[PDB]
Amino acid sequence: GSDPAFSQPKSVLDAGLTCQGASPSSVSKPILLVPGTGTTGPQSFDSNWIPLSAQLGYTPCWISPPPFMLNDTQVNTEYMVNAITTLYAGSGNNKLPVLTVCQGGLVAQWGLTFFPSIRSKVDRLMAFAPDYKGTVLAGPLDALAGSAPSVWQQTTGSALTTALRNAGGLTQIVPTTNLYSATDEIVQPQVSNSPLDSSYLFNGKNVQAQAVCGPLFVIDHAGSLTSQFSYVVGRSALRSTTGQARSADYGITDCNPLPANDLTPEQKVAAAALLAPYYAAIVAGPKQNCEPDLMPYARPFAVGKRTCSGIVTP
Ligand code: NI
């Protein structure tokens, strides 16, 4: 039951993977970091989970799909599937955690859905503000002529989010923890604490910040990745014997929306001013006049949706 074929040559996918202080071919305790839209690996995790996971005993690794995750999401997924295949064997055929933010969570779940070979190679998934259903703040699909391919695909009602949904991709495939906020200014809707939210996965550990820390708790898109509450939740997921964050680990002791306590003062300042969410506004990306066609492995699950070739059919 082979994997679908990569549209990209494997050497191009290998050029996006980097382990801090080790080689991806031979590494002990790796963790895969998948960045958000408009960012590279370092731009997303420089001030937070690259130094934080290193203190927890992991070798930080990450992918940086070019250019800044603005290309087709299904191509960004190839970088991740190649990265886990590499890191899993690189640690001697041992599962590894994967930690994501924004489109990274949608990339992680796309790869787990359509590339079965990696499903038993990810130990657990820890996703901060993932947009599995996309976002409504991306505008209507009929006013994005020229916008980046991934911006088309993360627009609510896209063929990509439709196919992921109908393929069974809104169910956790490996042990997953999703930490998100109702006050996410990038990903909406996030207010229901229910399967209506873009970050919700069926059977996962879905942690909406306001459900733990109260409705008046305010935490933005970037804060969802760097807050002390995010660190304590993220650390519970990684150390858990269930592979999901445990409600007994974190609690209301931890409801602090500022950069993680174990960060340095320099790394706390950089995390409190992280503009990566809005970095894309200045970066030049690809041009796209219609939603990118779905790869043949996902086309059946979005029948009736409109992409560049026309209305998808069986
Ligand atoms: Ni983002």
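Numbers here simply count residues along the sequence, with the first being 1.
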Of all pairs that satisfy side chain to side chain donor-acceptor pair (under 3.5 Å), the ones with a partner from residues 51-64, not counting sequence neighbours: none

Give a yes or no on whether the backbone of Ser44 and the side-chain of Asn48 come within a donor-acceptor separation of less than 3.5 Å. yes

For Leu263 and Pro51, which heavy atoms make the closest approach, and how far apart are they? CD2-CG, 4.3 Å

Is there any side chain to side chain donor-acceptor pair (under 3.5 Å) pair reaching into residues 113-138, and which pairs are they, with sequence neighbours excluded? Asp3-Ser117, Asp131-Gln154, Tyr132-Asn178

Can you confirm whether the side chains of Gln288 and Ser147 place a donor and an acceptor under 3.5 Å from each other? no

In this structure, CG of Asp249 is separated from OG of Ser236 (nearest 0.5 Å) by 3.0 Å

Verify whether one side chain among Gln153 and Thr161 offers a donor that lies under 3.5 Å from an acceptor in the other. no

Minimal heavy-atom distance between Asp197 and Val191, with the atoms involved, is OD1-N, 3.4 Å

Value rounded to 0.5 Å, distance of CD in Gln172 from OG1 in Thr177: 8.0 Å

Between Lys268 and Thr226, does any side-chain donor sit less than 3.5 Å from a side-chain acceptor? no

Under the criterion side chain to side chain contact (heavy atoms under 4.5 Å, CB included), I'd like the reasoning laid out for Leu99 against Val34: C-alpha separation, chi angles, the key distance, then a yes or no. CA-CA 6 Å; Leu99 190 149; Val34 193; over 6 Å; no

Using every non-hydrogen atom in the two residues, find where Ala222 and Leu274 come nearest and quote the distance to one decimal. CB-O, 3.8 Å

Please round to the nearest 0.5 Å and tell me the distance separating atom OG1 of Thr37 and atom OH of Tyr279. 14.5 Å

Between the OG1 atom in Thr77 and the CD1 atom in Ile63, the distance rounded to the nearest 0.5 Å is 8.5 Å

Minimum heavy-atom separation for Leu137 and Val187, please, with both atom names. CD1-N, 4.5 Å

Provide the full list of disulfide bond (SG atoms under 2.5 Å apart) pairs with a residue in residues 130-163, sequence neighbours left out, each pair given once. none

Does a donor on one side chain and an acceptor on the other come within less than 3.5 Å for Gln103 and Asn76? yes

Interatomic distance, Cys308 atom SG to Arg306 atom CZ [nearest 0.5 angstrom]: 6.5 Å

Which residues satisfy the ring pair (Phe, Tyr, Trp, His ring centres under 6.0 Å) test with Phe6, sequence neighbours excluded? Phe115

For the side chain of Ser230 and the backbone of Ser224, is there at least one donor-acceptor N/O pair under 3.5 Å apart? yes

Do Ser309 and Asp293 have side-chain N/O donor and acceptor atoms under 3.5 Å apart? yes

Ignoring hydrogens and angles, tell me if any N or O in the side chain of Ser181 forms a donor-acceptor pair with the backbone of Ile219 under 3.5 Å. yes

Do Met295 and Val312 land in one hydrophobic cluster if side-chain heavy atoms of ILVMFWY residues count as linked below 4.5 Å? no

Taking the side chain from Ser194 and the backbone from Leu196, do they hold a donor-acceptor pair closer than 3.5 Å? yes

Using every non-hydrogen atom in the two residues, find where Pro130 and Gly105 come nearest and quote the distance to one decimal. CB-CA, 3.9 Å

Closest approach of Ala159 and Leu294, non-hydrogen atoms and distance? O-CD1, 3.9 Å

Rounded to the nearest 0.5 Å, how far apart are CZ of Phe202 and OG1 of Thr171? 6.0 Å

Within the distance-only criterion (no hydrogens, no angle test), does the side chain of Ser227 pair as donor or acceptor with the backbone N or O of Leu258 below 3.5 angstrom? no

Only pairs at least two apart or in different chains count here, so list each ring pair (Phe, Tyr, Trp, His ring centres under 6.0 Å) that has a residue in residues 209-263. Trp49-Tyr231

Under 3.5 Å, which donor-acceptor pairs link side chains of residues 10-23 to any protein atom two or more places apart or in another chain?
unit_1 : atom_1 : unit_2 : atom_2 : d
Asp14  : OD1    : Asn82  : ND2    : 2.9
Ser23  : OG     : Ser25  : OG     : 2.7

Any side-chain donor-acceptor pair under 3.5 Å between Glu185 and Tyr278? yes

